[PDB]
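Read through the structure below, which is laid out as structure tokens, and then see the notes.
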Amino acid sequence: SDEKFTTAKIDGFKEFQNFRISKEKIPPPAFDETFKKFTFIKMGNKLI
Amino acid sequence: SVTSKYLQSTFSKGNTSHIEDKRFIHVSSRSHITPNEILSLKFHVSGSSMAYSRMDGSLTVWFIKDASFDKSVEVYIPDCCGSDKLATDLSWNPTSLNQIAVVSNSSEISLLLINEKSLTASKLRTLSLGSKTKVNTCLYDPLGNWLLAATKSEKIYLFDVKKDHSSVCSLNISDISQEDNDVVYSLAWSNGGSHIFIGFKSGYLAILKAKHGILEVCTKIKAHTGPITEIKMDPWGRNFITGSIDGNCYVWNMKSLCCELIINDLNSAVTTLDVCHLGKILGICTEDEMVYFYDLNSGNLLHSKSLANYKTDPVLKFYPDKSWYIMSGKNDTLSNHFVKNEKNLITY
Amino acid sequence: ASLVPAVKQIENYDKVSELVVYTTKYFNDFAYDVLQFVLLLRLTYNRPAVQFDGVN
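Residue numbers (the working numbering), protein chains in the order written: chain U, 110 to 157; chain A, 1016 to 1363; chain P, 499 to 554.
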């Protein structure tokens, strides 16, 4: 860790210049809570 | 990878001794015939005795005192349980140190106390039931509290071994199966007599409660698609192993009763199986004259072999007090296995 | 999804039929219901019944 911190200081601590702090407002997600419907074809396919 | 090297060493040039029985010297004299059989072979709990019964009718019992059967006495006895009738199953009565229960496909259960000073096996008692009833399997609760006797159909009896084998209860198999012409194939006790696990032929598996001496049907699950051959239990008490004839070997979790691990390399029927006293290695004897050794925890093959058309029906059993295993040989002759310097896996 | 190739292979080859009917001894009720399903499927698939030649 000391070696890594030395080589990071060498470049002038540029590795901490970029940090990307998020600023969005996170909304509560929406979950589909419904089941699909069934067609008119009682059996599987038209022929049967 | 320690276990694989251990098993390989157990299959080496040395570390192996022939169990010198009557059939062994017979083959030695006639080779240097039609092999009868080995109907059954079952240890004592304390790992210091062994018993088995050929098809001729004579049951041998050894008092293990040595590794390679050097100083092991042998009480050979002629065709017990009648001259016409031969033994099919025996239980070693964990209560005492000498008693034995033996059944001969008849209506009579023989209790004999084997003596070691002489070679005399003296009949101690005979138990009888209905005249038509033909029982063929006997079992002992691993605490020596109940005894079970089962028929191929329509009879199951439980005796209380404490109170001089007073007939405690019975049950009709048709009440347990409720299917078309089922024949119980293999039974087994739970660790500490509380439940009886029964495997029918139609595929079903049933769990009966035998808590206070009154049988009752707890549950029935459609385990397999063919007859169930063997049912074994793990010594630690966490899962029970089921092996079938359809080529599957499952291990069921004990607390929840749901399949947890499956053996998939198998492609043939199972004739028997056994798991070491440490609950670590699982030995499968399939029907193509081949044995496999799997690992219980992971489920991947760790050793294979080949019987090579010697003694078509094999037998396998792991010691209850050491990591050794008795396995059949060439012509219905037993073949011990050990390492001679490792009593248990942990010492390795 | 593994039965339909088998159903076609026994639909137009000779001995695979006897082989399959031999090996039905082993699978559980799910395979049975699905097998009956695909049988009705093939029996109802759109195709000609009589041979192209004549009334055979």
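Backbone N, C-alpha and C fix where the C-beta goes; we use that ideal spot for every residue, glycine too.
Measure the beta-carbon distance from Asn1206(A) to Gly1258(A) and round it to whole angstroms, keeping in mind my assumption that it falls under 8 angstroms.
About 18 angstroms; that fails the 8 angstroms criterion.
Own chain partners of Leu1297(A) with C-beta closer than 6 angstroms, once the 5 adjacent residues on each side are dropped:
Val1290, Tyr1309, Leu1311
What does the alpha-carbon distance come out to for the pair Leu1230(A) and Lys1224(A)?
6 angstroms
When you compare the segment 1204-1218 of chain A with the segment 1236-1253 of chain A, are there three or more beta-carbon pairs, one atom per stretch, that lie closer than 8 angstroms?
yes
Taking C-beta to C-beta, are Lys1247(A) and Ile1260(A) nearer than 8 angstroms?
no
Against chain P, with Cβ distances strictly below 8 angstroms, would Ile150(U) count as a contact?
no
Between which two residues does the alpha helix (DSSP H) harbouring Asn510(P) extend?
502-510
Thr1103(A) vs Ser1350(A) beta-carbon contact at 8 angstroms:
no
Endpoints, beta strand (DSSP E) assigned at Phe1058(A):
1053-1058
Could you please tell me which residues of the segment 1244-1267 of chain A, in chain order, have their CB closer than 9 angstroms to any CB of chain P?
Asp1261, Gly1262
Where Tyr543(P) and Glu509(P) are concerned, what is the direct C-alpha to C-alpha distance, given to the nearest angstrom?
13 angstroms
Roughly how many angstroms separate the alpha carbons of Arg540(P) and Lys155(U), rounded to a whole number?
14 angstroms
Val1118(A) and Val1150(A) closer than 8 angstroms at C-beta:
yes
First and last residue of the uninterrupted beta strand (DSSP E) at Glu1231(A)
1231-1236
Quick check: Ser1083(A) and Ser1068(A), are their CB atoms within less than 8 angstroms of each other?
no
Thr1257(A) by DSSP, collapsed to three states: which one?
strand
CA-CA distance, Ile1129(A) and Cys1264(A)?
37 angstroms
What are the residues that DSSP puts in a beta bridge with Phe1215(A)?
According to DSSP, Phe1215(A) bridges with nothing at all.
Are any of the Cβ atoms in chain P nearer than 8 angstroms to that of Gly1241(A)?
yes
Within 10 angstroms of the Cβ of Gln1193(A), are there 16 or more other Cβ atoms? Answer buried if so, exposed if not.
exposed
The alpha helix (DSSP H) spanning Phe114(U) covers which residue range?
111-119
Are the C-beta of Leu501(P) and some C-beta of chain U separated by less than 8 angstroms?
no
Which residues, in chain order, does the segment 533-545 of chain P contribute to contact with chain U at a C-beta distance below 9 angstroms?
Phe535, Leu538, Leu539, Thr542, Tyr543, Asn544
For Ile135(U), count neighbouring C-beta atoms within 10 Å of its own C-beta (all shown protein chains included) and say buried if the count is 16 or more, exposed if not.
exposed
Out of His1292(A), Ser1217(A), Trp1267(A), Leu1317(A), point me to the one whose CA is closest to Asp1280(A)'s CA.
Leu1317(A)
Give, in chain order, every unbroken run of the beta strand (DSSP E) that is at least 3 residues long and sits entirely within the segment 1056-1132 of chain A.
1065-1069, 1074-1078, 1104-1106, 1114-1118, 1123-1129
Assigned exposure category for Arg1038(A) - 16 Cβ within 10 Å defines buried:
buried
Mapping the DSSP letters down to three states, classify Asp1156(A) as helix, strand or coil.
coil
Quick check on DSSP: helix, strand or coil for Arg1045(A)?
helix
Check the Cβ-Cβ distances between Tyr530(P) and every residue of chain A, and say whether any is below 8 angstroms.
no
Under 7 angstroms from the C-beta of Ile157(U): neighbouring residues of chain P
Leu538, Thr542
Does DSSP classify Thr1141(A) as helix, strand or coil?
strand
Quick one: grab the DSSP three-state call for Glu124(U).
helix
Measuring CA to CA, which of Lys1147(A), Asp1094(A), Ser1098(A), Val1076(A) is closest to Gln1114(A)?
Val1076(A)
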